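Remarks on the structure that follows.
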Amino acid sequence: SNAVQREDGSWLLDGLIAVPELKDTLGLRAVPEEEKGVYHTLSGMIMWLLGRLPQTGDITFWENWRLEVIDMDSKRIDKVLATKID
Amino acid sequence: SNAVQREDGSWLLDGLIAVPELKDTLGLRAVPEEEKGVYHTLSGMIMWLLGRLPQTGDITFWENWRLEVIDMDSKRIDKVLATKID
Amino acid sequence: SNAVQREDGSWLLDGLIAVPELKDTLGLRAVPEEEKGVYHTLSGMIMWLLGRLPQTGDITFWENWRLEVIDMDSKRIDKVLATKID
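Chains as they are written, first to last, in PDB author numbering: chain B, 343 to 428; chain A, 343 to 428; chain C, 343 to 428.
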């Protein structure tokens, strides 16, 4: 599970991307609930920040980043667009 | 149930604007909980996204839009400013 | 307690800044739950808007402001960056 950067520097990210790779790709300093083992995946993280099942169209925010749900894979996010804030 | 486009592209919308007219106005692909008979107006969609009673000053997000609650009629939203994020 | 403006015009705010100073500093029309006595500081306000204990990295929104949690002091927010959205 993957990360591709686009011709404006925004990221198209697979929802199943794991926390260590996600932090690397986005330069995150932390994730919410770190070390508590609540979720292990970008999709889970977004679900946690939303406090409910995400839907395509949903937007959340974390550190320097706007996270938009681009597509679902039933109970999980398939694809996310990550855009730098500013 | 009006909408009115300001000088800068942004939209002033009635909170009782129905979902059909809302998709058409803002070019929304979808709405949350579509076909689940959960809300029928922009006011109810904003309330769903916030997961609580809206207040004037509240900001929510969906697709390419920032939706700001500009005015209330007691419990229901009366005016909403929609702005397209980039 | 206090508020310092960066050269870019954004504000670093102490989490314990009280409602009157906050409104004056950011030119707020209101704050949520005004005169309900729910919270009395910026930290309490953001905790109210998130619906849970804030974490460093969280972002919330009110009126024309993006509110980023910069640092925590255990149960309370220590520092916030407020940036005018437009």
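Positions of the beta carbon are idealized from the N, C-alpha and C atoms, including for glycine.
I need the straight-line Cα distance from residue i to residue j, nearest angstrom please.
| i | j | result |
| --- | --- | --- |
| C/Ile419 | C/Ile412 | 8 Å |
| A/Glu349 | A/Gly369 | 18 Å |
| B/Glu405 | A/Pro396 | 25 Å |
| C/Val380 | C/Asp428 | 29 Å |
| A/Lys426 | A/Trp353 | 9 Å |
| C/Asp366 | A/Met414 | 23 Å |
| A/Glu375 | C/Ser343 | 43 Å |
| C/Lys417 | C/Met387 | 13 Å |
| A/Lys378 | A/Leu392 | 17 Å |
| C/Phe403 | B/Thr402 | 11 Å |
| C/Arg408 | A/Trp407 | 15 Å |
| B/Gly351 | C/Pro362 | 41 Å |
For residue i, count neighbouring Cβ atoms within 10 angstroms of its own Cβ and tell me buried if that reaches 16, exposed if not.
| i | result |
| --- | --- |
| B/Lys421 | buried |
| C/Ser385 | buried |
| B/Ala360 | exposed |
| A/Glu410 | buried |
Nearest CA to the CA of residue i: which residue from the options?
| i | options | result |
| --- | --- | --- |
| C/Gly357 | C/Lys378, C/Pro374, C/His382 | C/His382 |
| A/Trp390 | B/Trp390, B/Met389, B/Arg394 | B/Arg394 |
From the DSSP output, in three-state form, read off residue i for me.
| i | result |
| --- | --- |
| C/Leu355 | strand |
| A/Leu409 | strand |
| A/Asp420 | strand |
| B/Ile388 | helix |
| residue 291 of chain A | In this structure chain A extends from 343 to 428, so residue 291 of chain A is not present and cannot be described. |
| B/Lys426 | strand |
| B/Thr398 | coil |
Rounded to the nearest angstrom, how far is the Cβ of residue i from that of residue j, given a contact under 8 Å?
| i | j | result |
| --- | --- | --- |
| B/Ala372 | C/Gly399 | 6 Å |
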